[PDB]
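Notes for the one structure printed next.
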Amino acid sequence: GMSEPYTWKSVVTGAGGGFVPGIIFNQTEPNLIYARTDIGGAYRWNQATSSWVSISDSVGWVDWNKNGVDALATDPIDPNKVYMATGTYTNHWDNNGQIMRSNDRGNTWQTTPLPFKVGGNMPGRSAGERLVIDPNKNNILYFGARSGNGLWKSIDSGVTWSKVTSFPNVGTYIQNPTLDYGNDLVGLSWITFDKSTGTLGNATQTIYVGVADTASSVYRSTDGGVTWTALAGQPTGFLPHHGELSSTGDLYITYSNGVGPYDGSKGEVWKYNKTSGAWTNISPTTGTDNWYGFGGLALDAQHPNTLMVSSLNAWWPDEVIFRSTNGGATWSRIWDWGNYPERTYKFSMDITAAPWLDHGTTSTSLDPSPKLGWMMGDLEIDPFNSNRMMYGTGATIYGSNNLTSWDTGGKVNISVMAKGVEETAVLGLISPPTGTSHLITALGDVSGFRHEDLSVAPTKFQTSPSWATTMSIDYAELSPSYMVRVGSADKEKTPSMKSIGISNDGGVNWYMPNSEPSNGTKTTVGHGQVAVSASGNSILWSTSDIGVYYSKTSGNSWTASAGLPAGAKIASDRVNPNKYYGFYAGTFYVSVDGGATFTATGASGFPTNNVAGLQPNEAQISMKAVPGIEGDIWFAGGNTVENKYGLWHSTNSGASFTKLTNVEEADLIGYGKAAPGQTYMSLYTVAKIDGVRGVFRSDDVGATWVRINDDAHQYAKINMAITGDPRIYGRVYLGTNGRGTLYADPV
Ligand SMILES: [Mg+2]
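Numbering of the sequence shown is given in the working numbering, commencing with residue 77 and proceeding in unit increments.
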């Protein structure tokens with residue numbers, strides 16, 4: 077009775093919108109494929125529907141770091157078994173990781189904590205795979221770890237893990253030694269068995285391991301992992317991204333001068349013959365012809381001298397896939413220069429499943445749209461179908477079903493193959509009270525979208541302004557066609573781009589105003605939070621860098637607010653266009669002059685969230701005025717260290733709040749249409765209520781709560797955004813950090 081069964085569905089983007097660093101084919105069962113993401117868990121392919129199914133949605137609030145999937149192994153002896161190395165950061169933003177194991181292809185999981193951290197969202201996450209199953213004795217697993225933890229091993233099918241103390245090199249390369257992100261050793265890079273050196277039921281004797289160490293990076297054991305030696309004659313100076321052993325006995329290895337996924341300004345490709353020990357340089361480009369690492373590496377299992385590699389990263393005009401059908405002796409490019417600047421192409425891009433991937437720009441030879449990709453650190457050829465290719469980019473999964481057209485003078489048709497994947501991080505959600513859109517999102521990396529049919533990919537990328545990330549979006553409650561979004565324009569690429577966008581048609585079309593907040597010395601870089609007055613007659617912009625500014629001219633000019641500290645959270649009254657609210661460091665503020673001046677209120681007991689030791693995603697502040705009721709504000713957030721955590725309610729414009737005693741912890745608050753027989757809007761919250769973490773709805777102003785999610789639909793650290801629907805009672809829209817946006821209704 078504490079729960080209400082709901083149907084949870086993804087708001088469809090078609091492309092996914094995030095980085096897919098690894099795609100893993102089972103070596104024994106055709107059409108068994110998995111995909112791992114850096115912040116959004118993993119997926120299993122459904123061959124009958126050409127779509128992906130999440131195997132991570134039971135990851136919840138406390139174990140949120142399991143959605144950083146640093147490695148994944150699928151069992152070739154029993155294809156029902158799959159394993160993941162999970163954990164998101166190896167710095168102070170996260171705790172220790174774990175090895176997860178499933179006997180039902182990811183439907184259910186068991187977990188073994190590791191005594192160190194796993195880095196699903198760390199540098200080098202596309203190198204791999206760093207978790208592998210012995211293909212002759214599948215109770216044996218090896219894990220190549222980060223931060224100097226070295227090589228680890230399981231002999232009980234992943235239940236317990238031990239360090240392989242005889243492995244001689246834990247890594248030496250560090251990407252960002254001066255930063256607090258990526259200042260640890262990248263560690264080991266990939267592990268590859270030689271299946272021919274064992275038989276069924278007996279441990280495979282030869283194991284290759286790549287290590288992020290420019291001086292000596294490739295190691296081999298020939299006694300089942302007891303002793304290790306660096307391969308004689310191996311090249312130095314680079315970092316091997318992948319090592320794949322063909323049935324001809326040749327080990328192919330891609331190298332970059334970084335671990336990726338964003339860098340890579342020099343690279344090589346080598347092959348090593350396991351019989352002779354001879355190394356051959358098969359780099360597709362060398363010298364000044366090469367300004368990029370090589371990342372993805374795909375062998376063709378059905379034609380073992382065919383292989384492909386991808387640049388990482390060439391950037392301009394696009395990335396390159398190189399294909400060889402003769403063991404790397406000669407390469408073909410997926411595109412070539414014609415009469416410069418014109419190019420010729422061996423591929424055709426199909427983004428009909430996610431048309432916004434053109435970013436609202438017309439394609440040219442020098443600025444293609446959509447691009448072949450970027451951050452292409454992983455490339456796969458289906459081991460049971462040489463015509464099927466898949467690769468991840470920073471935004472989607474691309475693939476082809478007619479790859480061999482490359483070899484016969486035809487055109488490889490490349491299409492979005494990310495159906496069912498949702499990987500965006502949700503910075504904001506609004507559900508407009510009128511018009512054809514029930515949901516407009518503010519997203520990282522792909523800006524956000526105005527959704528109409530929630531099952532149809534958006535057709536229109538957000539442009540003029542066009543930016544990577546929308547940090548905040550609001551609308552005028554009484555004139556809902558007027559709305560404002562703020563982000564961070566790339567003014568080196570487009571010096572005239574603005575970090576604020578304005579719409580007068582409910583988010584279909586945007587324009588950029590004439591100016592931005594400035595303190596005489598510096599113009600804001602953007603981001604922060606935006607709030608729109610109830611009538612749309614002013615904008616309040618709490619910038620990320622130079623404090624709070626307001627505009628009475630829809631952004632044509634800006635003036636610094638007074639009384640509200642820089643970095644404050646802000647919210648507009650949904651009735652009184654003169655009233656704004658602010659919050660910073662435990663103090664609540666009110667403005668009654670359209671955002672020009674703020675005054676602290678006596679509201680006490682609010683958290684400061686200044687606690688030392690809080691991880692970046694640990695604490696939240698969520699503050700919203702109620703549509704249709706002046707001076708009605710709800711406030712959620714806090715933390716357990718200050719012992720100030722929960723849900724507060726004010727009905728006197730923030731002069732005082734009541735802390736609801738029946739809500740132990742709360743992190744987000746949102747509103748939706750009132751229940752039948754009720755006059756007050758339904759409340760939607762992310763909270764811990766009577767010992768239960770989840771998503772809750774109240775139809776009686778917070779007196780009683782019912783859980784509307786369940787243990788199979790948790791979506792990790794869901795402190796990003798939430799709102800109900802002013803036109804649909806029971807409907808909730810839930811943002812995530814890695815699983816896109818969900819919407820849910822009673823079953
Ligand atoms: Mg792969």
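A virtual CB, placed ideally from N, CA and C, is assigned to each residue, including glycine.
Exercise. Helix or strand or just coil, what does DSSP make of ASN143?
Worked result: helix
For this session: Below 8 Å on the Cβ atoms is my guess for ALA203 versus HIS318; work out the distance and round it to an integer in Å.
Result: 7 Å
For this session: Would you identify the three-state DSSP class for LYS645, choosing helix, strand or coil?
Result: strand
Problem set entry | Residues surrounding ligand 1 [beta-carbon distance to nearest heavy atom under 6 Å] | Listed by chain position, these are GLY98, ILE99, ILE100, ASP454 and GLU456.
Exercise. Does the region 471-485 touch the region 575-592, meaning 3 or more C-beta pairs lie closer than 8 Å?
Worked result: no
Exercise. Which class does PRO431 belong to by DSSP, given the choice of helix, strand or coil?
Worked result: helix
For this session: Give me the Cα-Cα distance between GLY582 and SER548, rounded to the nearest whole angstrom.
Result: One C-alpha to the other measures close to 15 Å.
For this session: Would you kindly work out how many angstroms separate the C-alpha atoms of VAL771 and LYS700, rounded to a whole number?
Result: 18 Å
For this session: Report yes if the C-beta distance between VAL717 and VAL687 is below 9 Å; otherwise report no.
Result: yes
For this session: For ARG112, count neighbouring Cβ atoms within 10 angstroms of its own Cβ and tell me buried if that reaches 16, exposed if not.
Result: buried
Exercise. Got a sec? Which residues, its chain only, sit under 7 Å from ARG807 by beta carbon, not counting five neighbours each side?
Worked result: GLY748, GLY800, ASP801, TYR819 and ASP821
Problem set entry | Reduced DSSP category for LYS720 - H, G, I as helix; E, B as strand; rest coil | strand
Exercise. Pairing CB atoms from the region 427-437 with CB atoms from the region 374-387, are three or more of them under 8 Å?
Worked result: no
Exercise. Can you tell me whether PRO417 is buried or exposed, with buried defined as 16 or more other CB within 10 angstroms of its CB?
Worked result: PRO417 counts as exposed, since fewer than 16 other beta carbons sit within 10 angstroms of its beta carbon.
Problem set entry | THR480 to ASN461 span [Cα, whole Å] | When only Cα atoms are considered, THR480 and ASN461 end up about 10 Å apart.
Problem set entry | Length of the line joining the Cα atoms of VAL335 and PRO534 | 34 Å
Exercise. Among the residues of its own chain, which have a CB less than 6 Å from the CB of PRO311, if the five just before and after it don't count?
Worked result: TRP346
For this session: Confirm, please, whether the CB-CB distance from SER633 to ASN590 is below 9 Å.
Result: yes
Exercise. Grouping DSSP H, G and I as helix and E and B as strand, with all else coil, what is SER481?
Worked result: helix
Exercise. Under the DSSP definition of a beta bridge, which residues are partnered with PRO316?
Worked result: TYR331
Exercise. Going by the beta-carbon positions, is the gap between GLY343 and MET452 smaller than 9 Å?
Worked result: Going by C-beta atoms, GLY343 is not nearer than 9 Å to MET452.
Problem set entry | At least three beta-carbon pairs within less than 8 Å, the region 113-122 to the region 348-357 | Counting Cβ pairs under 8 Å, fewer than three are found: no touch.
Exercise. In terms of DSSP beta bridges, what is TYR159 paired with?
Worked result: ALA149 and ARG177
Problem set entry | Three-state secondary structure assigned by DSSP to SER223 | coil
Exercise. Which stretch, first to last residue, makes up the beta strand (DSSP E) that contains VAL606?
Worked result: Element bounds for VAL606: 605-608.
Exercise. What residues in its chain sit with their C-beta under 6 Å from that of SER491, if we drop five residues either side in the sequence?
Worked result: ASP426
For this session: Can you give me the Cβ contacts of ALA390 inside the same chain, cut-off strictly under 8 Å, excluding the 5 residues immediately before and after it?
Result: Hits under 8 Å: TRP367, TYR368 and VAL396.
Exercise. Where does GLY300 sit, in a helix, a strand or coil, going by DSSP?
Worked result: In this structure, DSSP gives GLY300 a state outside helix and strand, which the three-state scheme calls coil.
Exercise. Rounded C-beta distance between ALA750 and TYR805? I'm assuming under 8 Å.
Worked result: 7 Å
Exercise. Do you know how far the Cα of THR280 is from the Cα of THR273?
Worked result: 5 Å
Exercise. Expressed to the nearest angstrom, what Euclidean distance is found between the alpha-carbon atoms of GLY173 and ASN102?
Worked result: 24 Å
For this session: Output the distance between the C-alpha atoms of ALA792 and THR362, rounded to the nearest integer angstrom.
Result: 44 Å
For this session: With a threshold of 16 other CB atoms inside 10 Å of the CB of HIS603, please say whether the residue is buried or exposed.
Result: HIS603 comes out buried.
For this session: Determine the DSSP secondary structure at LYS735, reduced to helix, strand or coil.
Result: strand
Exercise. Would a C-beta distance cut-off of 9 Å place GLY678 and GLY707 closer than the cut-off?
Worked result: no
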